[PDB]
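Visitor: Could you have a look at this structure, given as structure tokens, before my questions?
All of this is worked out from the model, or read from it or from the source named; no laboratory instrument gave them. Here the Cβ positions follow ideal geometry from the backbone for every residue, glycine too, while neighbour counts run over all protein chains shown.
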Amino acid sequence: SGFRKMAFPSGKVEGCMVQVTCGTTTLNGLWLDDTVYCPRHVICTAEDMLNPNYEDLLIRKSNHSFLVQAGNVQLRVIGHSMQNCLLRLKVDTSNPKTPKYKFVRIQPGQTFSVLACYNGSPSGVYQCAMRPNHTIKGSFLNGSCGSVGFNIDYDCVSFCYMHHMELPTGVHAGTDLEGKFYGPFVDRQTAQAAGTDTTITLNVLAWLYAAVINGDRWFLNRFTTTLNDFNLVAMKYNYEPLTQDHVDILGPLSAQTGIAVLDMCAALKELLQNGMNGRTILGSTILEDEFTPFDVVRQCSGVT
Amino acid sequence: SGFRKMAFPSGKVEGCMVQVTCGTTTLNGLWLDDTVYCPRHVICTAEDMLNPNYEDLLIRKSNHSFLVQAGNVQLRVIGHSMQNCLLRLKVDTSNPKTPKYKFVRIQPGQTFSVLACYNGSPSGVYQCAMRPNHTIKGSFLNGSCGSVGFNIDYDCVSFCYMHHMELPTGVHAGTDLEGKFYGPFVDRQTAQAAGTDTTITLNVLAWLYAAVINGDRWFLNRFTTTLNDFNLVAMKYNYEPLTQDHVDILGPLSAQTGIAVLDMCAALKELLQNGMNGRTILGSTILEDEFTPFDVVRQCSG
């Protein structure tokens, strides 16, 4: 085997995607049981985004204002409401394809799979990470709002992201499935922009462990470093400060390889200060930061 | 905006994955209608793989020598035959989840999605390219044999690859859904090794166009080049020779961006000679060749 960035199989989420139309505005909605969740801004025109009064805008709306379509079938909306930045449409049919699921709010650095959708039709799936600056570097075109991000564990789909907008830098912002935005972003037009971003140290470290697991270990050394000394270095390279909590999160990988985290940090320190000298790690020339400690375990163990 | 190495949604394929066992060997099979397709080497023993005669090994088997399972449920095998390097097992029930599909043989340089499976259960999906040398760089652990590669057009699944083995360098080899190997590889333990490979020039150019569409043009220049002079340079860096057909394929992206194909070639020529100088393109520090012109057009805005 080799080591590739992988997305979770997307079947369980494909079965939950529908198209939600309100006037001339169409986007994607997630259908679980008899509820369809979508970005509340589906009830907005152009000039509306410039600080719309969603409360007021919603009143002017009625169940028939919403056109929900699953496959080539219209789902009759029998109720509607707002939950933070999401619209909750009650429909007359419980999704027969509803998987076991839960809604979770992901933390910065964590990864998930995104099912890009258009007109309620899945078009592609990719793995990405919630950046330390609370945005995601995704790939979305107009009409992708409502697309969701998720993780799967056994048979349970953990929904963690719903797409709402693109920022001036071309990165993305969205909410958890309770409608609460990740970061300080809002669903209206403002001068809002992504703050400065950093490299996800925890993930880089997890990735170095995966490399060692796969026999790529030329970068290892016989030294170690203190947490504080590691951070004086990492931060110079725009790496996120490493916490004792991150150290503990890496415990299982540290135990599997018998390489203490601070010993691996000493290796990382050397790599940042001197580069790779033309060599590669897992066939890469750069330090990857979109694999969590959990991702490496999952993959380096063939979890299905 | 943004650009990711994305795969096709795998749902339509997940509903076709099953487990096939024969003796002590288990691997994945693809269940369509009333037929299950899998690598013929499922019938082989440890020694058998050193110099197996498949016709001779299969004649000694019967329908009941095969254990096909859809999840926890056994599918009764009521027929079996060999087609090139694949085993075709007829089962007594039809797969209600069978999508619209077709079997296609892909050309080197083209891309496809792979649904990595183990014991007939989906593990993950990733996008990759058939290298010019016919191998794929795909991360396949012991037991992934039988996993398939595919592309999806509308609602039609075009299956193009079935995983068979791993080569000494760690890259992978397989067949199309008719059981014909991509490359000169054979299904048995031997000295075979992946051949010389090249960077897929057409794809790198497609990617550079993607970079421009996403509003990034630092690598562009005021130069142009002839196809000939470009190949004289690219080939020095282990790039596949570029043909006029390739140039023509890039026509639409060329038109969309206003950048002439030969002009983009000049940019690429400069990048190969000068390197990136600490800069990146679409967040990458190296030139990527796993996105075809079709992929770029599909993922990028119009």
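Visitor: Looking at A:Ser123, is it touching a residue at least 40 places away in the same chain (Cβ under 8 Å), of a type in the set (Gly, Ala, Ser), closer than 21 Å to A:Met6 by Cα and in a strand (DSSP E or B)?
Guide: When the stated conditions are applied, A:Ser123 does not pass them.
Visitor: Working only within segment A:48-80, note down all residues that are more than 16 Å from A:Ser144 (Cα to Cα), in contact with a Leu (Cβ under 6 Å, 6 or more places away or on another chain) and not in a loop (DSSP other than H, G, I, E, B).
Guide: Those that are more than 16 Å from A:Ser144 (Cα to Cα), in contact with a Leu (Cβ under 6 Å, 6 or more places away or on another chain) and not in a loop (DSSP other than H, G, I, E, B): A:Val77, A:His80.
Visitor: For B:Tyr37, state whether it is touching an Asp or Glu at 6+ places or on another chain (Cβ under 9 Å) and not assigned by CATH to the domain that holds B:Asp155.
Guide: So B:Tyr37 does not fit the description; no.
Visitor: Would you check if there is a residue in segment A:264-276 being under 22 Å from A:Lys5 (Cβ atoms) and among the polar types (S, T, N, Q)?
Guide: no
Visitor: Moving on. Can you name the residue in segment B:145-156 that is surrounded by fewer than 23 Cβ atoms within 10 Å (Cβ to Cβ) and in contact with a strand residue (DSSP E or B) (Cβ under 7 Å, 6 or more places away or on another chain) and is also farthest from the other protein chains (Cβ to nearest Cβ) among such residues?
Guide: B:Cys156
Visitor: Check segment A:92-100 and report whether any residue there is touching a strand residue (DSSP E or B) at 6+ places or on another chain (Cβ under 8 Å) and surrounded by 23 or more Cβ atoms within 10 Å (Cβ to Cβ).
Guide: no
Visitor: Another question about this same structure. Is there a residue being touching a residue at least 12 places away in the same chain (Cβ under 8 Å), under 30 Å from A:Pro168 (Cα atoms) and surrounded by 14 or more Cβ atoms within 10 Å (Cβ to Cβ) anywhere in segment B:61-75?
Guide: No: segment B:61-75 contains no residue that is touching a residue at least 12 places away in the same chain (Cβ under 8 Å), under 30 Å from A:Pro168 (Cα atoms) and surrounded by 14 or more Cβ atoms within 10 Å (Cβ to Cβ).
Visitor: Being out of contact with any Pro (no Cβ under 7 Å at 6 or more places or on another chain), assigned to a strand (DSSP E or B) and not assigned by CATH to the domain that holds B:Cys156 is the requirement here; does B:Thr45 meet it?
Guide: no
Visitor: Does segment B:92-104 include one or more residues that are within 11 Å of chain A (Cβ to nearest Cβ) and part of a loop (DSSP other than H, G, I, E, B)?
Guide: There is at least one residue in segment B:92-104 that is within 11 Å of chain A (Cβ to nearest Cβ) and part of a loop (DSSP other than H, G, I, E, B).
Visitor: Of the conditions (1) touching a strand residue (DSSP E or B) at 6+ places or on another chain (Cβ under 9 Å); (2) part of a loop (DSSP other than H, G, I, E, B), A:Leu208 fails just one. Which one is it?
Guide: All conditions pass for A:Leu208, except number (2).
Visitor: Can you tell which of B:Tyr126, B:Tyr161 is farther than 23 Å from B:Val42 by Cβ, touching a strand residue (DSSP E or B) at 6+ places or on another chain (Cβ under 9 Å) and not basic (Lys, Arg)?
Guide: Only one candidate qualifies: B:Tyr126.
Visitor: To continue, here is another question. Taking the options B:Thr169, B:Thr224, name whichever one is over 30 Å from B:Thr25 (Cα atoms) and part of a loop (DSSP other than H, G, I, E, B).
Guide: B:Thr224
Visitor: Let me spell it out: the conditions are (1) at the interface with another protein chain (Cβ under 8 Å from one of its Cβ atoms); (2) buried (at least 19 other Cβ atoms within 10 Å of the Cβ), and A:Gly170 meets all of them except one. Which number is the exception?
Guide: Unmet for A:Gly170, out of (1) at the interface with another protein chain (Cβ under 8 Å from one of its Cβ atoms); (2) buried (at least 19 other Cβ atoms within 10 Å of the Cβ): (2).
Visitor: Out of everything in segment B:23-39 that is buried (at least 22 other Cβ atoms within 10 Å of the Cβ) and not small (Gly, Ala, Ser), what residue ends up being nearest to the other protein chains (Cβ to nearest Cβ)?
Guide: Across segment B:23-39, the extreme among qualifying residues is B:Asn28.
Visitor: Please work out which one of (1) in contact with a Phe, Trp or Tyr (Cβ under 6 Å, 6 or more places away or on another chain); (2) away from chain B (no Cβ under 14 Å) is the condition A:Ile59 fails and give its number.
Guide: Result: A:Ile59 passes all but (1).
Visitor: So, one more: If we keep just the residues of segment B:287-302 that are of a type in the set (D, E, K, R) and outside any helix (DSSP H, G or I), which is nearest to A:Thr169 (Cα to Cα)?
Guide: B:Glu288
Visitor: Could you check, for segment B:122-134, whether at least one of its residues is within 14 Å of chain A (Cβ to nearest Cβ), among the charged types (D, E, K, R) and farther than 20 Å from B:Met49 by Cβ?
Guide: Yes, segment B:122-134 contains a residue that is within 14 Å of chain A (Cβ to nearest Cβ), among the charged types (D, E, K, R) and farther than 20 Å from B:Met49 by Cβ.
Visitor: Another question, then. Being among the β-branched types (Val, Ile, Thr) and in contact (Cβ under 8 Å) with a residue 60 or more places away in the chain is the filter; apply it to segment A:204-248 and report the residue that is nearest to A:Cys265 (Cα to Cα).
Guide: A:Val204
Visitor: Something else: Quick one: which of A:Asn51, A:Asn72 is farther than 18 Å from A:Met162 by Cβ, polar (S, T, N, Q) and in contact with a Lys or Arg (Cβ under 6 Å, 6 or more places away or on another chain)?
Guide: None of the others qualify; the one that does is A:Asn51.
Visitor: Right, next: Could you please find all residues in segment A:254-304 being under 18 Å from B:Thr285 (Cα atoms) and small (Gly, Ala, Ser)?
Guide: A:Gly275, A:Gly278, A:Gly283, A:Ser284
Visitor: Exactly one condition in (1) in contact with a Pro (Cβ under 7 Å, 6 or more places away or on another chain); (2) crowded, with 17+ Cβ neighbours inside 10 Å is not met by A:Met235; state its number.
Guide: Tallying (1) in contact with a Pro (Cβ under 7 Å, 6 or more places away or on another chain); (2) crowded, with 17+ Cβ neighbours inside 10 Å, A:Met235 fails exactly one: (2).
Visitor: Kindly indicate whether any position in segment B:280-291 is out of contact with any strand residue (DSSP E or B) (no Cβ under 8 Å at 6 or more places or on another chain), within 26 Å of B:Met6 (Cα to Cα) and more than 14 Å from chain A (Cβ to nearest Cβ).
Guide: Among the residues of segment B:280-291, not one is out of contact with any strand residue (DSSP E or B) (no Cβ under 8 Å at 6 or more places or on another chain), within 26 Å of B:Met6 (Cα to Cα) and more than 14 Å from chain A (Cβ to nearest Cβ), which makes the answer no.
Visitor: So, one more: Between residues in segment B:27-54 that are more than 12 Å from B:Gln189 (Cα to Cα) and residues that are among the charged types (D, E, K, R) and buried (at least 18 other Cβ atoms within 10 Å of the Cβ), which pairs lie under 9 Å by C-beta distance while being six or more apart or on different chains?
Guide: Going by the 9 Å Cβ cut-off, the qualifying pairs are B:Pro39/B:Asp187; B:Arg40/B:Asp187; B:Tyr54/B:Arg40; B:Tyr54/B:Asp187.
Visitor: Could you check segment A:2-20 and list, in sequence order, the residues that are within 8 Å of another protein chain (Cβ to nearest Cβ), assigned to a loop (DSSP other than H, G, I, E, B) and touching a residue at least 12 places away in the same chain (Cβ under 8 Å)?
Guide: A:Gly2, A:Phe3, A:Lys5, A:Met6, A:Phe8, A:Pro9, A:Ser10, A:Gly15, listed by residue number.
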